[PDB]
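Q: Here it is, the structure, as structure tokens.
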Amino acid sequence: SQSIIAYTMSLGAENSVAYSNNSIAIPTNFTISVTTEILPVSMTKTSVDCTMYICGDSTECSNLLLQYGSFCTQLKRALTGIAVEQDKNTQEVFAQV
Amino acid sequence: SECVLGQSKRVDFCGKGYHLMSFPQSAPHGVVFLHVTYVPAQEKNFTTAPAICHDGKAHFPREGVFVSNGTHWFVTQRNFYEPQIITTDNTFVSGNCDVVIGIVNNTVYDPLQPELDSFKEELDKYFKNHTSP
Amino acid sequence: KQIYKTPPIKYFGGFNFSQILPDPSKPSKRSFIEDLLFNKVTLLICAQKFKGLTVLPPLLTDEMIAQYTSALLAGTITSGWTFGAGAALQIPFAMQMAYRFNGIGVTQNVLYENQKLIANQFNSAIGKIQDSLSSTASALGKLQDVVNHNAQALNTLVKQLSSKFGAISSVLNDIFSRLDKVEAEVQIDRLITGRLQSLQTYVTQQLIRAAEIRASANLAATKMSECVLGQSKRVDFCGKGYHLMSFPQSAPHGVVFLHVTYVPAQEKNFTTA
Amino acid sequence: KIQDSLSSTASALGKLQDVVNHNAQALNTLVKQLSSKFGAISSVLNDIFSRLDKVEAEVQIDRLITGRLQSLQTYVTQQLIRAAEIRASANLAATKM
Amino acid sequence: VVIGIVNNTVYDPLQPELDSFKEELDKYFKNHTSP
Ligand SMILES: *[C@@H]1O[C@H](CO)[C@@H](O[C@@H]2O[C@H](CO)[C@@H](O[C@@H]3O[C@H](CO)[C@@H](O)[C@H](O)[C@@H]3O)[C@H](O)[C@H]2NC(C)=O)[C@H](O)[C@H]1NC(C)=O
Ligand SMILES: *[C@@H]1O[C@H](CO)[C@@H](O[C@@H]2O[C@H](CO)[C@@H](O[C@@H]3O[C@H](CO)[C@@H](O)[C@H](O)[C@@H]3O)[C@H](O)[C@H]2NC(C)=O)[C@H](O)[C@H]1NC(C)=O
Ligand SMILES: *[C@@H]1O[C@H](CO)[C@@H](O[C@@H]2O[C@H](CO)[C@@H](O)[C@H](O)[C@H]2NC(C)=O)[C@H](O)[C@H]1NC(C)=O
Ligand SMILES: *[C@@H]1O[C@H](CO)[C@@H](O[C@@H]2O[C@H](CO)[C@@H](O)[C@H](O)[C@H]2NC(C)=O)[C@H](O)[C@H]1NC(C)=O
Ligand SMILES: *[C@@H]1O[C@H](CO)[C@@H](O[C@@H]2O[C@H](CO)[C@@H](O)[C@H](O)[C@H]2NC(C)=O)[C@H](O)[C@H]1NC(C)=O
Ligand SMILES: *[C@@H]1O[C@H](CO)[C@@H](O)[C@H](O)[C@H]1NC(C)=O
Ligand SMILES: *[C@@H]1O[C@H](CO)[C@@H](O)[C@H](O)[C@H]1NC(C)=O
Ligand SMILES: *[C@@H]1O[C@H](CO)[C@@H](O)[C@H](O)[C@H]1NC(C)=O
Ligand SMILES: *[C@@H]1O[C@H](CO)[C@@H](O)[C@H](O)[C@H]1NC(C)=O
């Protein structure tokens with residue numbers, strides 16, 4: 001007795017407010033509720049080797065990788081910027097005292 | 001900086017409702033907040049008028065809103081039912097009561113009324129205590 | 001959470017909301033102001049997308065977004081700002097506005113004593129807005145370059161596949177029927193890597209652009225929480241002046257606010273101690 | 001006391017300093033990159049054409065054009081990231097003011 | 001101690017609440033002392 005059905009979305013239970021020009025509503029009571037909320041603050045740090053990924057354990061590949069210039073220095077420079085930044089994200093949240 | 005280290009006036013920022021306070025909790029690669037909020041419970045409707053005229057002059061609530069339950073009027077808090085007797089301490093006067101629309105008629109008893117009904121009657125009792133002989 | 005609806009009587013103390021409340025005569029339930037907005041932003045070339053460039057439809061249809069906006073405007077004029085923090089509580093409008101004045105630093109005794117003048121002064125202001133929106137073609141510029149940048153970027157993608165990238169020809173079939181297979185694999189690599197780096201570039205630009213719309217959907221979600229569902233104490237956040245209220249309106253790929261603010265008029269010198 | 005504190009050390013204006021350094025270090029790497037070979041015979045376009053016949057020289061230069069062109073697309077993409085961070089700090093200085 | 005203070009008269013609101021009754025209580029004394 002199970003199947004897959006397709007329908008139309010519902011925006012919520014319809015309500016009507018009895019607006020009038022000499023009527024007010026005052027609450028006679030209150031309640032206290034606790035609500036949770038989750039927020040990411042940092043992600044895993046990472047580092048990558050220039051050559052072992054590309055020319056792993058090959059002597060004839062690493063020498064001709066140098067003809068490509070300072071390419072992987074930029075990768076080391078960029079990934080280090082992210083890594084050192086992740087220490088600031090945690091140092092600005094919890095370290096206010 | 002705002003929800004934990006203070007109380008926030010920004011609506012719908014530190015929780016769904018009127019904010020009270022919050023508690024941090026650590027978590028892997030993040031933080032978790034525990035917002036404590038105030039939510040109004042059941043309500044009852046009344047009848048309201050924007051100003052009250054007693055001595056030909058309008059009166060407005062210093063803090064609060066005029067309400068009635070059918071017989072006589074009251075002034076209460078905005079977010080919690082606590083009626084109080086109308087008194088010159090609760091109201092301030094601003095002009096006559098013809099320019100305003102929606103004004104209604106009732107009586108305002110000045111806070112010196114107990115300070116006179118217990119004194120003027122006492123003084124009248126004193127006056128009758130000395131005029132008779 | 002609930003879809004409120006305004007009562008049949010539309011006498012809100014003198015204020016005239018006919019321009020913003022839904023209009024039943026039109027087939028859609030869109031106000032008068034929303035009609036001018038929807039006729040000022042325009043969304044065979046679309047049939048020249050036989051290369052696989054398609055456009056998916058949004059989940060929320062337009063006629064359902066106009067119902068969210070209707071409930072915002074029908075629960076902010078009867079219940080005031082109490083509906084965003086719990087149970088909606090009705091309140092007369094001429095009396096609710098006395099609370100917005102009380103939050104500025106101006107006692108409530110001035111609104112009643114100038115109710116007729118204020119109502120007319122607000123009525124005329126809403127009328128002038130409708131002509132200003134339709135005055136020039138630069139009014140809706142912010143919502144315009146959003147749709148232009150997302151269609152001008154598609155044309156360059158399509159026109160890019162007429163280039164050769166150093167190959168013999170830009171047409172893929174004629175390369176094979178003219179060269180032996182031993183070295184026809186050299187030319188095609190130049191043509192299959194250029195066509196592939198021209199598509200990786202398109203994705204990367206979308207990741208940048210979607211991060212600047214995400215930064216504006218997080219500001220429209222704050223303007224609606226604070227300016228609309230309450231009164232804001234932040235100076236110069238919900239309009240130039242002392243804030244009073246706001247009214248959302250929908251628009252293609254965006255939202256339009258109508259901030260009502262208080263501004264002091266002529267002054268006079270004085271001597272103080 | 002504020003006047004002396006600002007002029008006390010060289011790390012006071014650090015936030016405005018790495019902004020101008022990152023925009024001058026990025027240019028130097030762009031200029032220094034065009035001395036690389038990318039696996040070609042030589043790093044100069046003029047001498048490649050004067051040593052190899054036209055049928056073969058079209059292979060080496062394409063290995064050099066596609067490297068210099070890719071090294072310039074990286075520079076633009078990095079600027080798009082940085083311009084989206086200053087835009088996030090010009091929207092905070094416009095709120096502080 | 002404050003700089004820029006100026007001279008004027010502050011009218012007691014509680015005084016007419018008794019001055020009008022000094023117009024009454026003392027008048028009653030005047031209405032009772034004479035006979
Ligand atoms: C609307 O609210 C007013 C204010 O509370 C109500 O008037 C007050 O009602 C109470 C309780 O019924 C009265 O107390 C009783 O008064 C009688 C008078 O003889 C006394 O014998 C009892 O021992 C008790 O004290 C109170 O007097 C009355 N206020 C005045 C000025 O008389 C009113 O009943 C409410 N009406 C409705 C429809 O809810
Ligand atoms: C609230 O109380 C005030 C004063 O207690 C009421 O004002 C009074 O209204 C009556 C009308 O019922 C006025 O009587 C009028 O007298 C003139 C002659 O002066 C006559 O030509 C009219 O036909 C009418 O009979 C009375 O003058 C007026 N009092 C004052 C001081 O102006 C008011 O009506 C009450 N509000 C409500 C809603 O009942
Ligand atoms: C609220 O404003 C609207 C728009 O100005 C008013 O509708 C106009 O009414 C006049 C009077 O008959 C007509 O001449 C206009 O053609 C109407 N305009 C439109 C767009 O329909 C409306 O009457 C106002 N509300 C009240 C209660 O007067
Ligand atoms: C009256 O108010 C004006 C401001 O509107 C004060 O300043 C005068 O008006 C303008 C504004 O600076 C200047 O062109 C005049 O020269 C100003 N007057 C003087 C004397 O400088 C003005 O000072 C005020 N006067 C009094 C008596 O309060
Ligand atoms: C404001 O009023 C006070 C008292 O009413 C003045 O103080 C008096 O000043 C005179 C000099 O003009 C002295 O002779 C009195 O002894 C002072 N009175 C006391 C109690 O010390 C004061 O000078 C006035 N201020 C101005 C600016 O006129
Ligand atoms: C409330 O509105 C009705 C109909 O619009 C009107 O008859 C009545 O006079 C109004 N009440 C007040 C107090 O203005
Ligand atoms: C009335 O006056 C007499 C003195 O003449 C005094 O002893 C008595 O307490 C007074 N009574 C009252 C009720 O004040
Ligand atoms: C205002 O300044 C003038 C000159 O600077 C001075 O003479 C005057 O006393 C000052 N006013 C007050 C109230 O101190
Ligand atoms: C003065 O006293 C007499 C009684 O001795 C009284 O009748 C009269 O009303 C009093 N006058 C006033 C103005 O109270």
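Naming works like this for the structure tokens: A, B, ... for the chains as they're shown, residue 1 at the start of each chain, ligands 1 onward in shown order.
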Find the spatial neighbours of residue 96 in chain B, counting only C-alpha atoms, within a cut-off of 6 Å - ignore same-chain residues fewer than 2 positions away - and output them as number ranges by chain.

A: B: 56-58, 98

Q: Could I get the residue neighbourhood of ligand 1 at 6 Å, counting only C-alpha atoms and all ligand atoms, as a PyMOL selection string?

A: chain B and resi 69-71

Q: For chain A, list the residues within 10 Å of chain D, counting only C-alpha atoms, and write the list as a short mmCIF file (atom, residue, chain, number, x, y, z; two decimals) with N, CA and C atoms, in the first residue's frame.

A:
data_model
loop_
_atom_site.label_atom_id
_atom_site.label_comp_id
_atom_site.auth_asym_id
_atom_site.auth_seq_id
_atom_site.Cartn_x
_atom_site.Cartn_y
_atom_site.Cartn_z
N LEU A 64 62.79 18.02 -15.73
CA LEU A 64 62.11 18.81 -16.75
C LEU A 64 60.87 19.52 -16.22
N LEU A 65 60.51 19.31 -14.95
CA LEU A 65 59.48 20.13 -14.34
C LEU A 65 59.99 21.52 -14.00
N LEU A 66 61.30 21.69 -13.89
CA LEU A 66 61.87 22.99 -13.57
C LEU A 66 61.74 23.98 -14.72
N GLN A 67 61.56 23.49 -15.95
CA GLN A 67 61.39 24.37 -17.09
C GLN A 67 60.05 25.10 -17.08
N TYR A 68 59.14 24.73 -16.19
CA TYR A 68 57.85 25.39 -16.08
C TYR A 68 57.87 26.58 -15.15
N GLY A 69 59.03 26.94 -14.61
CA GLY A 69 59.17 28.15 -13.84
C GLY A 69 58.82 28.00 -12.38
N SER A 70 58.21 29.04 -11.81
CA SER A 70 57.87 29.09 -10.40
C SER A 70 56.41 28.72 -10.17
N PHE A 71 55.90 27.75 -10.92
CA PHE A 71 54.48 27.43 -10.85
C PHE A 71 54.09 26.95 -9.46
N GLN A 74 53.85 29.21 -6.33
CA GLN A 74 52.57 29.89 -6.18
C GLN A 74 51.56 29.02 -5.46
N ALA A 78 49.89 30.02 -2.09
CA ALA A 78 48.45 30.18 -1.96
C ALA A 78 47.87 29.31 -0.86
#

Q: Set the distance at 12 Å and use only C-alpha atoms: which residues neighbour range 16-24 of chain D once local chain neighbours fewer than 5 positions away are removed? I'd like the list as a ChimeraX atom specification.

A: /A:77-78,81 /D:10-11,29-31,75,78-79,82-83,85-86,89

Q: Residues within 10 Å of range 15-25 of chain E, please, as a PyMOL selection string. Count only C-alpha atoms; anything in the same chain fewer than 4 positions from it doesn't count.

A: (chain B and resi 112+120+123-124+127) or (chain E and resi 11+29-31)

Q: As a PyMOL selection string, please: every protein or nucleic acid residue near ligand 5 (cut-off 9 Å, counting only C-alpha atoms and all ligand atoms).

A: chain E and resi 4-8

Q: Mind listing as a VMD selection string which residues of chain C are within 7 Å of chain B, counting only C-alpha atoms?

A: chain C and resid 85 to 86 95 109 112 to 113 225 to 226 230
